[PDB]
Structures are given as C-alpha cells and as structure tokens.
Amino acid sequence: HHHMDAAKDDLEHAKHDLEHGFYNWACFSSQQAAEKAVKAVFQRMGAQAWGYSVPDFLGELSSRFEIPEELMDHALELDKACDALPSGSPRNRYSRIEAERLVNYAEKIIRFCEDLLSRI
C-alpha cells in the first residue's frame, strides 16, 4: 500500500512540524496524510477516487463502507484552509491546540483506513 506508507510519512511530517511550532505546516501535512490514507482504500478496492478533498473521497467511500459521522466531521475540519485574539499566548495556544486536533484527526482517519484494509 504505497499510498498508506506515504500517508504515514505525511503524518510524521505533521508531527515534526507541530513539535517545532510550525502550526500552519502541521495542518497542511495532516490534510495530505488523510487524503493519502483514503486513497489507499480506493487502490485496494481497484476503484477510481475522484476529487481533491478528504470529504470528497470519504463521501465516495460511503456508497460501499459505513463511515462514522465523526470521521466525516474531522474530514471537513481538515478540508479548511491552512486574528481577533491577541498575539502571544492567546493566539499561540489557540493555534497549537488547533494543529494538535488536526494531526489527531489525520491519525484517526489513517487508523480507520488501516482497520478497513485489514478486513478487505
């Protein structure tokens, strides 16, 4: 599963960016990791995957497998682009939490796809 290996590498990339405070980049890598993980399911099934977004691919996948609502919810958060809070701790705290959340979401999607691939 080339797409799965690449998903896991993107996740590790995200986690590295997170550790170093690069919250924007962690978000970006997380989106890519989730995308690649879902494509790995399409590749195993021999089916064409249309679209760019994680919501696109999970929606298509829903015709064949049950996709938990919370994963679609996470996907929609990951799909969003990677100010009224003050500079310093308020902004950095918000960004750090947001980036951790998105990394966790990508990881969740990866592990769901792993669970699916283990069974098909």
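The first residue of the shown sequence is 1; numbering continues from there.
- Unmodelled deposited residues between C82 and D83: 4 to 9, per the record.
- Averaged over Cα atoms, the B-factor as recorded in the entry is higher for 90-98 than for the other of 23-31 and 90-98.
- Stretches 13-21 and 102-110 differ in mean C-alpha B factor, with the higher average recorded for 13-21.
- Residue set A40, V54, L71, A47: peak C-alpha B-factor at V54 (per PDB entry).
- Among the modelled residues of the chain, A7 sits in the lowest third by CA temperature factor in this PDB entry.
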